[PDB]
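Below: the structure, in structure tokens.
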Amino acid sequence: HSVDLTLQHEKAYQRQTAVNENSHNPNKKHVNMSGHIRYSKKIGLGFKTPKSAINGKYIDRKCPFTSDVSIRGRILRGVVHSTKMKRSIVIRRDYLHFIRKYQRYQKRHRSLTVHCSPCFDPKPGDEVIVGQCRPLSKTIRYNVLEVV
Amino acid sequence: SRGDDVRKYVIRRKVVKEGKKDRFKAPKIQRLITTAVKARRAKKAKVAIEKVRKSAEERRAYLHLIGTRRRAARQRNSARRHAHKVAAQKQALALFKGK
Amino acid sequence: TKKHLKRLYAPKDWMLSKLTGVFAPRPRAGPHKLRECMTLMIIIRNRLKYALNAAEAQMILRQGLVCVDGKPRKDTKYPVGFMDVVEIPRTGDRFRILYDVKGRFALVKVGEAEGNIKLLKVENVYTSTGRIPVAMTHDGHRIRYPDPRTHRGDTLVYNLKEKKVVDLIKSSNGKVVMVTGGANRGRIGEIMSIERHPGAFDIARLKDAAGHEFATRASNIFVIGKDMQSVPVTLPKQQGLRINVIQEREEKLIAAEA
Amino acid sequence: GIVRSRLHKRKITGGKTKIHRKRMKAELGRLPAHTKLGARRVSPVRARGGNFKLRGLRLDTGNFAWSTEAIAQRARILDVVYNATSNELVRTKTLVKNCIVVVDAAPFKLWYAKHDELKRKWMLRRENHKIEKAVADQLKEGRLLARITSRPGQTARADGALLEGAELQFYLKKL
Amino acid sequence: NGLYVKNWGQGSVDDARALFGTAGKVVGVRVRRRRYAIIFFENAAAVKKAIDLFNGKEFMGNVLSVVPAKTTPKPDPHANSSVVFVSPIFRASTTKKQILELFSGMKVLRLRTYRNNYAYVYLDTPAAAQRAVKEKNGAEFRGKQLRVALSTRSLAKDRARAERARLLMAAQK
RNA sequence: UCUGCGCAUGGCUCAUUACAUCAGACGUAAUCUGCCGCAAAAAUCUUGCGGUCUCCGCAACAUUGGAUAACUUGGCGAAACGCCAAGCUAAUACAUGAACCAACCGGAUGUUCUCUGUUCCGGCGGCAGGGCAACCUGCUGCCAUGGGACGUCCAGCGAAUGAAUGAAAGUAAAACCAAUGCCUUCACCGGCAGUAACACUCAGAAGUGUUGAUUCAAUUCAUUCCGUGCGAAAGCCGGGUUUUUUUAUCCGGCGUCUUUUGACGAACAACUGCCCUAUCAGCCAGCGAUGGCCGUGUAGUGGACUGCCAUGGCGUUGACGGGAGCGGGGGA
RNA sequence: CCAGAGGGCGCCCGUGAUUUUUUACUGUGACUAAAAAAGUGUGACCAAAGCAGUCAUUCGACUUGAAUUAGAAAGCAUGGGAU
């Protein structure tokens, strides 16, 4: 083999922790349709993996689909507000509230800063479903599961 | 040297109290190995080994159990297989050489 | 770290007063939890009445006269949970604690055979050095485990002088159950359908004699036997039936005449 | 007093939080270990379980492993060459996880001989096998490029791996 | 299946134990013509347990025997031909017919398997003498210290087996 | 007085304090955890006797080792919950250290010998002639499916690093050679009926871990561990014996090192909610503000922090700033 | 230990929507420490209180009693199909 230049851009070398890429005469199968060796992970909670992730090119240590990040607790929805940054998208939510005295409703938003695997590329105004995670950054506490 | 008992050869001291008769103070001996001590010590490592062997015994019985189950399985799924196959076969070819 | 418990932070099921000291005993870490159990000194004193006060209690206990599970217990405090057996030779009494209708602890009295018999659930199943399988329950480990291996949430039959394990019982439809927790405990029922919700609490649906069916979760369920003639253990005067508030009240009136 | 918290930092809204509390031993940093080349020194400290850990200082000796041959054998770290965190660390000859360094090569060269009755084995093992040409030139010459995969400030040892085709070409082209 | 006591009873003790074991707590002993009984508790676990346990059996002087349900099978290992086999003897490299040689003729045999170190040989009935030498040892012969022993299995049956095999084969093809 | 355990709990007070605390509902597969519950543990050349060459022969229940307080002797200081020199002696303190007895399973190997090659075309060579040891020639030994014995080195728990394992569940009948099994034959003749696995000794002594999910549990192989880990306390007490009080005579109760996982706890994260003020409208990056990559640190996750690279983050559905205020169960 | 042959159920996995659908709302259940509040029982000499206690001429009987409810918003399951 020889090395990419579109999966490499960094001073250090980009690789998956999980599996042996140095491989070699490959002892298998573990690998993805059929292709060089790769690690991919079937998370439960009734979600089913992307086709894309399994067969992918990409190197990510934060997605639950090719790394040891585990999705566990709360499960949320929302829509998309802004595609900025690198792998970090921004969710808006909207929901109501009730004041007992008036007996009328009221509108409120929150927002969250979540992780998006390079497997997906969802556009502003799309729905999404996400999952609970351990802290991956200062704000970031969720990671995408599934787009709509 | 050895074999010679130092219970005999302790220091004694003596103390007065006027008209209440004297007493000979002398020390207890420590780090002392008697009959009792030796027996007690030895006994421990008999207990020790025994416990280990009991574990191993349990393990054998467990393993045995599992294997017997697997054996029964094999046999049962032989019976089934064999019956199906060779009964259907019996019908077939016997009747084509009886034709 | 907390070493003190108080009378208003202690459960209602022990039935201590607001008054008469501001402190209650905090039981140690042990076979059971702090939020359900009955500690030793609470049993002896406030129930069986062989102690009138604190000093009395320890003047029994510390001499090794009280034995849960065949092992004499010196300590003043030490918890005793659901499905244990307390045997105090000196009297000739024996207890098997249990829950009973109205959610509150109860005391049965058992003879020879069942003073050596117990039951244990299965919380988890895991593997240890040398590929030796292991189970874990409320009270303790214990090792391997056939009676024939199987699976979590199931219930065993455990003998205390030596292991003779009769069989075991499993969690499957048409079986029988007694309950813990959940403000639904002290009842008894069948097992109809068990809903499974992945990643989330698992919900059961039950039934009992002469209908009035109900529901609970699945970690509040503890199996008993295949059927209600197949039970290994004895049960209180009530068979785990709730009856209506009005029925109860009325009956208490009518019989009070004496 | 070195702390690990978000208390001293700003909000996401650019505001500033006000404290009502001192600082704890629950939050706790300790000053970096810088682990160089030289005879083994160790500086043991104690953690919050009553479990020691070993701050390493100066490690000249190593343990390194082929992938694909499924072995590990010793060697002696000679020089540090490339580090991707800083060029600072290079020049000082300090050692951190995923640093690229140079090794003795000898024990590997040795072992690959063996890859009486033995005379049959040296055929059977050498069959169904080749060694990379990338790897070859290096291994011959008497020095190799290897990578430490241990963290040698909290175990007081360096351990590593060894570089075959993909990884190896990505490093060489820097140099 | 219900299991079978043998080598007891006659017997007053027979009758006594017969009506004592009936009808519970488990079990009951169904007495039989000669020295033996049927003992009824049956289940797949029941056949295993019933072997090694010996409640519901008495003796009058007898040594107990616990036998499978039918009275048939033990005579076959005991007697009627022999036929004999020998275990230390390599497949791998040392050849067969050292076997045949050792016993001074009477043929038919094979080595088995790639597993391990027995061969099997039919010397018919007279092998009773042969094995009574080599079981009481019996050492090396490009092998190891050994044991020989018997039970009948096939012959007679092996010849009729492979006959009925060849018949099926011809039809089949 | 030495030793072991506890004083981090209980008591008392509300000063600071609004993605702060807190309540309801959840999470830790991101972690630590004494006392308590239950359960485990087959590593290690030690001791005595005799001689001596340092190293041996002969035995078997380990007759271990060095210190320090109280006390005494001189004292010092104005005082001080301040202190010094010398002389004494203990351990469940501190420091060493246990063969055979005592098992199962696997690796790597010998120019070990003996079943053997049935076995040649190539390989490994071993020699001479030309020998520049390129090779040509002639001579010669062994090997080209293998297994039995004997010998040597390694093997435990826990920890680090690198490989491997941690089931599968989406077509149907024949021939080909390399094996190799079973039928079968005098035959290592030529075909597929039977058929869990597999070279004996063990003819079932794991072909099968939990979860919604694992780079987890556990298993196998190669390298390693040096104080910063691992004793049967080299411990204590009873009771029955025995007949000499006074046994290697039996039985019992305590105590402690190491490993594993429960609940007694600790730490960390945030889905939803809460007074007044716009005469507070822009607030956040030199000195981290939002995110990315390799590291460092910590019990562990993380701009928690270093280096490097991007330009984001929040807000009229009231940010930022200020004023009042410990939050809740609850009271009138 | 009535065989062959399709049926039918219970577990497990994989492949399929021309775009599969959802919440607010409301019914019934899950989950949630006391003290306080609400409330059943009981002549502490009434009472404010408190979980007690009442019988039996006996070496104890009540298989004594200490019920039951409420608790904004949010979260969780399963029915309803109007707005």
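By convention here, the chains of the structure tokens are called A, B, ... in the order presented, each chain's residues are numbered starting at 1, and ligands are numbered starting at 1 in the order presented.
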
Next on the checklist: Counting only C-alpha atoms, a student should be able to say which residues of chain C come within 10 Å of chain B; what is the right answer, written as a ChimeraX atom specification?
Outcome noted: /C:132,143-146,148-149

Checklist entry - Got a sec: who's within 12 Å of residue 74 in chain E, counting only C-alpha atoms (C1' of nucleotides), leaving out chain neighbours fewer than 5 positions off, as a count of residues only? => result 11

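Across the model, the gap from CA of residue 20 in chain A to CA of residue 77 in chain D is 23.8 Å.
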
Name the residues of chain B that fall into alpha helix (DSSP H) according to DSSP on the backbone, using the chain letters and numbers of this document, as an mmCIF file with N, CA and C atoms, in the first residue's frame.
```cif
data_model
loop_
_atom_site.group_PDB
_atom_site.id
_atom_site.type_symbol
_atom_site.label_atom_id
_atom_site.label_comp_id
_atom_site.auth_asym_id
_atom_site.auth_seq_id
_atom_site.Cartn_x
_atom_site.Cartn_y
_atom_site.Cartn_z
ATOM 1 N N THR B 35 5.743 -27.744 71.872
ATOM 2 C CA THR B 35 5.099 -28.820 71.147
ATOM 3 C C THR B 35 3.938 -28.239 70.393
ATOM 4 N N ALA B 36 3.055 -27.506 71.124
ATOM 5 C CA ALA B 36 1.803 -26.942 70.668
ATOM 6 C C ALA B 36 1.970 -26.147 69.400
ATOM 7 N N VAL B 37 2.911 -25.166 69.430
ATOM 8 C CA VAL B 37 3.292 -24.278 68.350
ATOM 9 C C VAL B 37 3.540 -25.013 67.056
ATOM 10 N N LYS B 38 4.546 -25.932 67.029
ATOM 11 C CA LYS B 38 4.911 -26.742 65.879
ATOM 12 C C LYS B 38 3.747 -27.439 65.220
ATOM 13 N N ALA B 39 2.880 -28.089 66.040
ATOM 14 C CA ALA B 39 1.698 -28.811 65.609
ATOM 15 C C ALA B 39 0.756 -27.898 64.868
ATOM 16 N N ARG B 40 0.388 -26.760 65.516
ATOM 17 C CA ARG B 40 -0.481 -25.701 65.038
ATOM 18 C C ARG B 40 -0.086 -25.213 63.666
ATOM 19 N N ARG B 41 1.226 -24.895 63.487
ATOM 20 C CA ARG B 41 1.816 -24.344 62.285
ATOM 21 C C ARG B 41 1.621 -25.302 61.143
ATOM 22 N N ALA B 42 2.137 -26.548 61.300
ATOM 23 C CA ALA B 42 2.059 -27.643 60.352
ATOM 24 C C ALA B 42 0.656 -27.891 59.843
ATOM 25 N N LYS B 43 -0.341 -27.848 60.768
ATOM 26 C CA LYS B 43 -1.753 -28.096 60.551
ATOM 27 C C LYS B 43 -2.344 -27.196 59.493
ATOM 28 N N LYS B 44 -1.947 -25.894 59.488
ATOM 29 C CA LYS B 44 -2.383 -24.867 58.557
ATOM 30 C C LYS B 44 -2.244 -25.312 57.127
ATOM 31 N N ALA B 45 -1.053 -25.821 56.736
ATOM 32 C CA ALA B 45 -0.744 -26.121 55.357
ATOM 33 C C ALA B 45 -1.384 -27.417 54.900
ATOM 34 N N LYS B 46 -1.966 -28.216 55.833
ATOM 35 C CA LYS B 46 -2.780 -29.369 55.513
ATOM 36 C C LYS B 46 -4.157 -28.926 55.100
ATOM 37 N N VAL B 47 -4.764 -27.981 55.868
ATOM 38 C CA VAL B 47 -5.985 -27.256 55.544
ATOM 39 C C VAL B 47 -5.897 -26.649 54.163
ATOM 40 N N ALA B 48 -4.786 -25.905 53.903
ATOM 41 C CA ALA B 48 -4.503 -25.121 52.714
ATOM 42 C C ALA B 48 -4.708 -25.936 51.465
ATOM 43 N N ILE B 49 -3.834 -26.959 51.253
ATOM 44 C CA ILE B 49 -3.819 -27.862 50.114
ATOM 45 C C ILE B 49 -5.168 -28.485 49.856
ATOM 46 N N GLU B 50 -5.885 -28.891 50.942
ATOM 47 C CA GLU B 50 -7.152 -29.594 50.909
ATOM 48 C C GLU B 50 -8.167 -28.775 50.158
ATOM 49 N N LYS B 51 -8.324 -27.485 50.560
ATOM 50 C CA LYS B 51 -9.207 -26.491 49.977
ATOM 51 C C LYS B 51 -9.028 -26.390 48.482
ATOM 52 N N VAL B 52 -7.758 -26.238 48.019
ATOM 53 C CA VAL B 52 -7.352 -26.214 46.625
ATOM 54 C C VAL B 52 -7.893 -27.404 45.859
ATOM 55 N N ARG B 53 -7.617 -28.640 46.347
ATOM 56 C CA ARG B 53 -8.080 -29.889 45.765
ATOM 57 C C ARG B 53 -9.588 -29.982 45.627
ATOM 58 N N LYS B 54 -10.363 -29.408 46.588
ATOM 59 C CA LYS B 54 -11.815 -29.341 46.562
ATOM 60 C C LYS B 54 -12.310 -28.561 45.373
ATOM 61 N N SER B 55 -11.743 -27.352 45.132
ATOM 62 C CA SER B 55 -11.927 -26.533 43.942
ATOM 63 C C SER B 55 -11.812 -27.351 42.680
ATOM 64 N N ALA B 56 -10.639 -28.001 42.471
ATOM 65 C CA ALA B 56 -10.328 -28.839 41.328
ATOM 66 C C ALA B 56 -11.353 -29.935 41.091
ATOM 67 N N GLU B 57 -11.790 -30.625 42.181
ATOM 68 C CA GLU B 57 -12.873 -31.592 42.220
ATOM 69 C C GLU B 57 -14.174 -31.068 41.649
ATOM 70 N N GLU B 58 -14.650 -29.885 42.140
ATOM 71 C CA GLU B 58 -15.814 -29.159 41.649
ATOM 72 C C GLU B 58 -15.721 -28.949 40.165
ATOM 73 N N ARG B 59 -14.589 -28.349 39.701
ATOM 74 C CA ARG B 59 -14.296 -28.028 38.319
ATOM 75 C C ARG B 59 -14.494 -29.209 37.400
ATOM 76 N N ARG B 60 -13.914 -30.388 37.749
ATOM 77 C CA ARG B 60 -14.060 -31.648 37.037
ATOM 78 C C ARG B 60 -15.508 -31.996 36.792
ATOM 79 N N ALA B 61 -16.351 -31.893 37.847
ATOM 80 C CA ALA B 61 -17.740 -32.297 37.857
ATOM 81 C C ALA B 61 -18.540 -31.415 36.933
ATOM 82 N N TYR B 62 -18.331 -30.071 37.019
ATOM 83 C CA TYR B 62 -18.850 -29.063 36.111
ATOM 84 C C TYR B 62 -18.603 -29.440 34.669
ATOM 85 N N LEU B 63 -17.310 -29.561 34.271
ATOM 86 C CA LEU B 63 -16.854 -29.902 32.937
ATOM 87 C C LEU B 63 -17.536 -31.134 32.398
ATOM 88 N N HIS B 64 -17.476 -32.253 33.172
ATOM 89 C CA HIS B 64 -18.124 -33.528 32.928
ATOM 90 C C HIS B 64 -19.568 -33.362 32.531
ATOM 91 N N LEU B 65 -20.360 -32.638 33.371
ATOM 92 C CA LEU B 65 -21.759 -32.300 33.167
ATOM 93 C C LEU B 65 -21.999 -31.736 31.793
ATOM 94 N N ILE B 66 -21.312 -30.613 31.449
ATOM 95 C CA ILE B 66 -21.393 -29.920 30.175
ATOM 96 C C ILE B 66 -21.193 -30.884 29.022
ATOM 97 N N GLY B 67 -20.114 -31.705 29.069
ATOM 98 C CA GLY B 67 -19.777 -32.656 28.034
ATOM 99 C C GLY B 67 -20.797 -33.746 27.815
ATOM 100 N N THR B 68 -21.378 -34.325 28.902
ATOM 101 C CA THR B 68 -22.488 -35.270 28.854
ATOM 102 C C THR B 68 -23.702 -34.742 28.121
ATOM 103 N N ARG B 69 -24.044 -33.443 28.316
ATOM 104 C CA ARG B 69 -25.155 -32.764 27.681
ATOM 105 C C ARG B 69 -24.951 -32.717 26.195
ATOM 106 N N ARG B 70 -23.774 -32.207 25.760
ATOM 107 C CA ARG B 70 -23.302 -32.172 24.393
ATOM 108 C C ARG B 70 -23.322 -33.527 23.719
ATOM 109 N N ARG B 71 -23.035 -34.615 24.479
ATOM 110 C CA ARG B 71 -23.000 -35.977 23.994
ATOM 111 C C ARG B 71 -24.393 -36.392 23.601
ATOM 112 N N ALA B 72 -25.362 -36.265 24.543
ATOM 113 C CA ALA B 72 -26.779 -36.503 24.361
ATOM 114 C C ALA B 72 -27.346 -35.804 23.151
ATOM 115 N N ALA B 73 -26.964 -34.512 22.949
ATOM 116 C CA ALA B 73 -27.302 -33.657 21.826
ATOM 117 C C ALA B 73 -26.984 -34.327 20.518
ATOM 118 N N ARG B 74 -25.678 -34.655 20.297
ATOM 119 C CA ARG B 74 -25.112 -35.354 19.153
ATOM 120 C C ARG B 74 -25.960 -36.537 18.767
ATOM 121 N N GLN B 75 -26.097 -37.512 19.706
ATOM 122 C CA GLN B 75 -26.867 -38.740 19.612
ATOM 123 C C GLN B 75 -28.272 -38.511 19.122
ATOM 124 N N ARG B 76 -28.963 -37.491 19.684
ATOM 125 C CA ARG B 76 -30.367 -37.218 19.488
ATOM 126 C C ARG B 76 -30.576 -36.761 18.062
ATOM 127 N N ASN B 77 -29.774 -35.755 17.632
ATOM 128 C CA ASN B 77 -29.685 -35.227 16.287
ATOM 129 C C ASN B 77 -29.057 -36.178 15.283
ATOM 130 N N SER B 78 -28.513 -37.343 15.723
ATOM 131 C CA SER B 78 -28.162 -38.448 14.856
ATOM 132 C C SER B 78 -29.411 -39.204 14.548
ATOM 133 N N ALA B 79 -30.143 -39.687 15.587
ATOM 134 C CA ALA B 79 -31.382 -40.444 15.497
ATOM 135 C C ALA B 79 -32.339 -39.867 14.479
ATOM 136 N N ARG B 80 -32.782 -38.604 14.716
ATOM 137 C CA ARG B 80 -33.535 -37.730 13.838
ATOM 138 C C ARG B 80 -33.115 -37.773 12.380
ATOM 139 N N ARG B 81 -31.853 -37.345 12.093
ATOM 140 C CA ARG B 81 -31.170 -37.366 10.807
ATOM 141 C C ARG B 81 -31.305 -38.698 10.112
ATOM 142 N N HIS B 82 -30.757 -39.755 10.759
ATOM 143 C CA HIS B 82 -30.614 -41.116 10.295
ATOM 144 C C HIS B 82 -31.936 -41.675 9.849
ATOM 145 N N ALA B 83 -32.960 -41.559 10.737
ATOM 146 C CA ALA B 83 -34.323 -42.004 10.551
ATOM 147 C C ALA B 83 -34.905 -41.435 9.288
ATOM 148 N N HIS B 84 -34.971 -40.079 9.203
ATOM 149 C CA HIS B 84 -35.469 -39.297 8.086
ATOM 150 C C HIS B 84 -34.904 -39.767 6.769
ATOM 151 N N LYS B 85 -33.566 -39.602 6.615
ATOM 152 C CA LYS B 85 -32.748 -39.935 5.471
ATOM 153 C C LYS B 85 -33.019 -41.319 4.929
ATOM 154 N N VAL B 86 -32.839 -42.353 5.784
ATOM 155 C CA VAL B 86 -32.676 -43.728 5.368
ATOM 156 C C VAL B 86 -34.030 -44.404 5.323
ATOM 157 N N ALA B 87 -35.085 -43.801 5.927
ATOM 158 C CA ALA B 87 -36.446 -44.272 5.774
ATOM 159 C C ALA B 87 -36.988 -43.846 4.443
ATOM 160 N N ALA B 88 -36.799 -42.560 4.066
ATOM 161 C CA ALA B 88 -37.157 -42.050 2.760
ATOM 162 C C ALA B 88 -36.428 -42.760 1.639
ATOM 163 N N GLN B 89 -35.118 -43.056 1.850
ATOM 164 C CA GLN B 89 -34.281 -43.813 0.948
ATOM 165 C C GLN B 89 -34.745 -45.233 0.744
ATOM 166 N N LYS B 90 -35.127 -45.923 1.855
ATOM 167 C CA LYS B 90 -35.685 -47.263 1.895
ATOM 168 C C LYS B 90 -36.805 -47.457 0.915
ATOM 169 N N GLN B 91 -37.885 -46.641 1.052
ATOM 170 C CA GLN B 91 -38.995 -46.507 0.127
ATOM 171 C C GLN B 91 -38.546 -46.449 -1.312
ATOM 172 N N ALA B 92 -37.717 -45.426 -1.635
ATOM 173 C CA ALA B 92 -37.279 -45.042 -2.960
ATOM 174 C C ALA B 92 -36.709 -46.183 -3.766
ATOM 175 N N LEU B 93 -35.468 -46.609 -3.425
ATOM 176 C CA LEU B 93 -34.647 -47.454 -4.260
ATOM 177 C C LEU B 93 -35.055 -48.899 -4.220
ATOM 178 N N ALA B 94 -35.576 -49.385 -3.064
ATOM 179 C CA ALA B 94 -36.103 -50.729 -2.904
ATOM 180 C C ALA B 94 -37.247 -51.038 -3.840
#
```

Item to check | At most 10 Å to chain D: residues in chain F, only C-alpha atoms (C1' of nucleotides), as a ChimeraX atom specification | outcome: /F:15-21,32-33,109-111,124,143-144,159-164,221-225,227-229,266-268,283-284,288-290,293-299,302-308,313-315,319-321

Take the residues that were just selected and, keeping C-alpha atoms (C1' of nucleotides), output them as a PDB file, in the first residue's frame.
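Output file out32.pdb is given in full below:
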```pdb
ATOM      1  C1'   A F  15     -21.403  35.478  54.521  1.00  0.00           C
ATOM      2  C1'   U F  16     -20.430  34.521  49.374  1.00  0.00           C
ATOM      3  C1'   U F  17     -23.944  32.299  45.358  1.00  0.00           C
ATOM      4  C1'   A F  18     -28.673  32.619  39.103  1.00  0.00           C
ATOM      5  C1'   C F  19     -26.581  26.799  32.476  1.00  0.00           C
ATOM      6  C1'   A F  20     -24.499  29.128  40.228  1.00  0.00           C
ATOM      7  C1'   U F  21     -26.886  26.015  43.776  1.00  0.00           C
ATOM      8  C1'   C F  32     -12.190   5.516  42.913  1.00  0.00           C
ATOM      9  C1'   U F  33     -13.938   3.017  47.407  1.00  0.00           C
ATOM     10  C1'   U F 109      14.316 -26.809  21.625  1.00  0.00           C
ATOM     11  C1'   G F 110      19.087 -30.780  21.390  1.00  0.00           C
ATOM     12  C1'   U F 111      24.199 -31.735  15.778  1.00  0.00           C
ATOM     13  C1'   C F 124      21.623 -28.736   2.740  1.00  0.00           C
ATOM     14  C1'   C F 143      16.903 -34.860   4.190  1.00  0.00           C
ATOM     15  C1'   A F 144      12.421 -33.995   0.700  1.00  0.00           C
ATOM     16  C1'   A F 159       0.177  -4.727  36.077  1.00  0.00           C
ATOM     17  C1'   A F 160       2.294  -2.599  30.930  1.00  0.00           C
ATOM     18  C1'   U F 161       2.893  -3.052  25.340  1.00  0.00           C
ATOM     19  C1'   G F 162       2.035  -5.782  20.561  1.00  0.00           C
ATOM     20  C1'   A F 163      -0.630 -10.009  17.837  1.00  0.00           C
ATOM     21  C1'   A F 164      -5.048 -13.740  17.893  1.00  0.00           C
ATOM     22  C1'   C F 221       1.121 -16.478  22.304  1.00  0.00           C
ATOM     23  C1'   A F 222       5.571 -13.210  22.499  1.00  0.00           C
ATOM     24  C1'   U F 223       8.290  -9.657  25.630  1.00  0.00           C
ATOM     25  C1'   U F 224       8.724  -7.574  30.369  1.00  0.00           C
ATOM     26  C1'   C F 225       8.027  -6.078  36.283  1.00  0.00           C
ATOM     27  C1'   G F 227      10.047  -1.505  45.352  1.00  0.00           C
ATOM     28  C1'   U F 228       6.332   1.691  43.984  1.00  0.00           C
ATOM     29  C1'   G F 229       2.477  -5.249  44.806  1.00  0.00           C
ATOM     30  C1'   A F 266     -17.211   9.747  47.078  1.00  0.00           C
ATOM     31  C1'   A F 267     -16.295  12.448  42.487  1.00  0.00           C
ATOM     32  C1'   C F 268     -17.983  13.955  37.548  1.00  0.00           C
ATOM     33  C1'   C F 283     -21.459  40.085  24.766  1.00  0.00           C
ATOM     34  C1'   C F 284     -17.085  36.690  23.673  1.00  0.00           C
ATOM     35  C1'   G F 288      -8.982  30.216  25.272  1.00  0.00           C
ATOM     36  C1'   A F 289     -13.408  32.773  23.218  1.00  0.00           C
ATOM     37  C1'   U F 290     -16.280  28.077  19.645  1.00  0.00           C
ATOM     38  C1'   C F 293      -5.396  16.862  15.288  1.00  0.00           C
ATOM     39  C1'   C F 294      -1.222  14.299  17.996  1.00  0.00           C
ATOM     40  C1'   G F 295      -0.020  14.741  23.059  1.00  0.00           C
ATOM     41  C1'   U F 296       0.238  15.948  28.590  1.00  0.00           C
ATOM     42  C1'   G F 297      -2.291  15.583  33.337  1.00  0.00           C
ATOM     43  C1'   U F 298      -5.842  13.116  36.556  1.00  0.00           C
ATOM     44  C1'   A F 299      -8.867   7.877  39.934  1.00  0.00           C
ATOM     45  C1'   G F 302     -12.985  17.155  28.911  1.00  0.00           C
ATOM     46  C1'   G F 303      -9.612  23.774  26.142  1.00  0.00           C
ATOM     47  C1'   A F 304      -8.560  20.758  32.283  1.00  0.00           C
ATOM     48  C1'   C F 305      -3.669  22.256  29.997  1.00  0.00           C
ATOM     49  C1'   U F 306       0.854  22.615  26.036  1.00  0.00           C
ATOM     50  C1'   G F 307       2.041  22.903  20.702  1.00  0.00           C
ATOM     51  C1'   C F 308      -0.204  23.458  15.871  1.00  0.00           C
ATOM     52  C1'   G F 313     -20.084  30.446  19.865  1.00  0.00           C
ATOM     53  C1'   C F 314     -24.479  33.371  22.407  1.00  0.00           C
ATOM     54  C1'   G F 315     -28.501  37.145  22.198  1.00  0.00           C
ATOM     55  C1'   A F 319     -27.720  37.903  26.266  1.00  0.00           C
ATOM     56  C1'   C F 320     -23.838  40.643  29.066  1.00  0.00           C
ATOM     57  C1'   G F 321     -23.990  43.962  33.552  1.00  0.00           C
TER      58        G F 321
END
```

Next on the checklist: So the first atom is CA of residue 15 in chain E and the second is CA of residue 36 in chain E; what is the distance between them in Å, to one decimal place?
Outcome noted: 11.9 Å

Checklist entry - If you run DSSP on the backbone, which residues of range 118-166 of chain D are strand (DSSP E or B), as JSON, numbers by chain? => result {"D": [144, 145, 146, 147, 148, 160, 161, 162]}

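Using only C-alpha atoms (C1' of nucleotides), the residues found no farther than 7 Å from range 22-39 of chain A, other than those of its own chain fewer than 3 positions away, are residues 18, 19, 54, 55 and 66 of chain A; 67, 68, 164 and 165 of chain D.
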
Next on the checklist: Just want the 12 Å neighbourhood of residue 11 in chain E, counted on only C-alpha atoms (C1' of nucleotides), with same-chain residues fewer than 4 positions away dropped. Output as an NGL selection string.
Outcome noted: :E and (7 or 15-18 or 31-37 or 58-62)

Item to check | Non-local contacts of residue 166 in chain D (12 Å; only C-alpha atoms (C1' of nucleotides); under 6 positions in same chain excluded) as a PyMOL selection string | outcome: (chain A and resi 1-4+8+13-15+20-24+36) or (chain D and resi 132+134-135+172-173)

Residues of chain G at most 12 Å from chain B: nearest atom pair and distance in Å, only C-alpha atoms (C1' of nucleotides), as CSV:
```
residue,atom,partner,partner_atom,distance
G:1,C1',B:79,CA,10.7
G:3,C1',B:87,CA,7.5
G:4,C1',B:88,CA,6.9
G:5,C1',B:88,CA,11.7
```

Checklist entry - Suppose you want the space between CA of residue 86 in chain E and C1' of residue 197 in chain F; what is it in Å? => result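 The value is 23.0 Å.
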
Checklist entry - Near residue 42 in chain E, within 7 Å and counting only C-alpha atoms (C1' of nucleotides), which residues show up once chain neighbours fewer than 5 positions away are dropped, as a PyMOL selection string? => result chain E and resi 1-2+47

Keeping only N, CA, C and O atoms, write the selected residues to a file as an mmCIF file, in the first residue's frame.
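Full text of part_1.cif as output:
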```
data_model
loop_
_atom_site.group_PDB
_atom_site.id
_atom_site.type_symbol
_atom_site.label_atom_id
_atom_site.label_comp_id
_atom_site.auth_asym_id
_atom_site.auth_seq_id
_atom_site.Cartn_x
_atom_site.Cartn_y
_atom_site.Cartn_z
ATOM 1 N N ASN E 1 -36.597 -44.876 31.273
ATOM 2 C CA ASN E 1 -36.988 -46.299 31.460
ATOM 3 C C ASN E 1 -36.802 -46.743 32.884
ATOM 4 O O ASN E 1 -35.992 -46.189 33.623
ATOM 5 N N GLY E 2 -37.532 -47.812 33.283
ATOM 6 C CA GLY E 2 -37.442 -48.366 34.612
ATOM 7 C C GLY E 2 -36.272 -49.298 34.593
ATOM 8 O O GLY E 2 -36.063 -50.000 33.605
ATOM 9 N N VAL E 47 -32.735 -42.574 35.104
ATOM 10 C CA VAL E 47 -31.865 -43.660 34.717
ATOM 11 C C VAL E 47 -30.441 -43.439 35.161
ATOM 12 O O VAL E 47 -29.753 -44.407 35.473
#
```
